[PDB]
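Trainee:
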Amino acid sequence: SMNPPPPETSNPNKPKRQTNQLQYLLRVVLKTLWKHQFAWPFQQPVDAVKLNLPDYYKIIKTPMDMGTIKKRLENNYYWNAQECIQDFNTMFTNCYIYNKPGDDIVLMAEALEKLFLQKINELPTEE
Ligand SMILES: COc1ccc(S(=O)(=O)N2CC3(COC3)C2)cc1NC(=O)c1[nH]c(C)c2c1CCCCC2=O
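Counting from 42, one number per residue, gives the positions in the sequence shown under the entry's author numbering.
Below, the structure written as structure tokens:
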């Protein structure tokens, strides 16, 4: 079984803007997780072909990863901070759906999610 196409990161019909909240999401939130010791399983879509995980996309129907989130921010794909936060939440949820307590990746996700929450709770004020 093939990988699905990765999530879209551009759209010519979608309006675009820069905001302080989006700056914070890319340059503080994403950056903090991206450089973390545990980032590497989350830096790109799960390649179920190279990893030989044919059941991954049978279970995970809304895939998301930090490489996609990064590209979305860098391409100005998000208008609202809420959209970006939703994608981070989806990434973590998928990890907890597919993997079990005691799996190394679950403790990696929990550490990253704790840092995500600490950073998102300091999101700057809206315009
Ligand atoms: C053995 O699992 C790897 C081994 C080496 C590397 S890797 O980063 O060295 N690498 C990318 C390639 C080129 O095609 C594979 C080599 C990643 C992984 N698994 C990941 O990322 C992962 N991320 C999530 C979010 C997952 C996984 C796979 C484990 C279970 C499913 C899952 O929830």
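Beta carbons are placed, not taken as given, at the ideal position from N, Cα and C, and that holds for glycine.
Keeping to the same chain, check which residues put their C-beta closer than 6 Å to that of residue 111; ignore five residues upstream and five downstream.
Mentor: As a first step, residue 111 must be located in the sequence shown, where it is residue number 70. Answer for residue 111: 71, listed in chain order.
Trainee: Tell me whether residue 148 is buried or exposed, calling it buried when 16 or more other Cβ atoms sit within 10 Å of its Cβ.
Mentor: Numbered from 1 along the sequence shown, position 107 holds the residue referred to as residue 148. Exposed, because fewer than 16 other Cβ atoms sit within 10 Å of the Cβ of residue 148.
Trainee: So does the region 128-136 actually touch the region 150-157, counting three or more Cβ pairs closer than 8 Å?
Mentor: yes
Trainee: Mapping DSSP to helix, strand and coil, what is residue 138?
Mentor: As a working note, residue 138 is residue 97 in the sequence shown. Three-state result, residue 138: helix.
Trainee: Can you give me the Cβ contacts of residue 125 inside the same chain, cut-off strictly under 6 Å, excluding the 5 residues immediately before and after it?
Mentor: For the purposes of this step, residue 125 is taken as the residue at position 84 of the sequence shown. Within the same chain, residue 125 has close Cβ partners 66, 119.
Trainee: Check whether the Cβ atoms of residue 95 and residue 42 lie closer than 7 Å to each other.
Mentor: For this step, residue 95 is matched to residue 54 along the sequence shown. For this step, residue 42 is matched to residue 1 along the sequence shown. Yes. Within cutoff.
Trainee: Going by beta-carbon coordinates alone, are residue 113 and residue 50 separated by less than 7 Å?
Mentor: Sequence index remark: in the sequence shown, residue 113 carries index 72 (1-based). Sequence index remark: in the sequence shown, residue 50 carries index 9 (1-based). Yes, Cβ-Cβ distance for residue 113 and residue 50 is below 7 Å.
Trainee: Among the residues of its own chain, which have a CB less than 6 Å from the CB of residue 57, if the five just before and after it don't count?
Mentor: Within the sequence shown, the letter at position 16 stands for residue 57. Contacts found: 117.
Trainee: In chain order, what are the residue ranges of uninterrupted alpha helix (DSSP H) at least 4 long that sit wholly in the region 64-144?
Mentor: 72-75, 97-100, 107-115, 122-139
Trainee: Taking Cβ positions, are residue 74 and residue 164 nearer each other than 7 Å?
Mentor: Locating residue 74 in the sequence shown gives position 33, where the first residue counts as 1. Locating residue 164 in the sequence shown gives position 123, where the first residue counts as 1. Taking 7 Å as the Cβ cut-off, residue 74 and residue 164 do not qualify as a contacting pair.
Trainee: Identify which residue in 100, 139, 84 has its Cα closest to the Cα of residue 45.
Mentor: Stepping through the sequence shown from its first residue, residue 45 is reached at position 4. Nearest of 100, 139, 84 to residue 45, Cα basis: 100.
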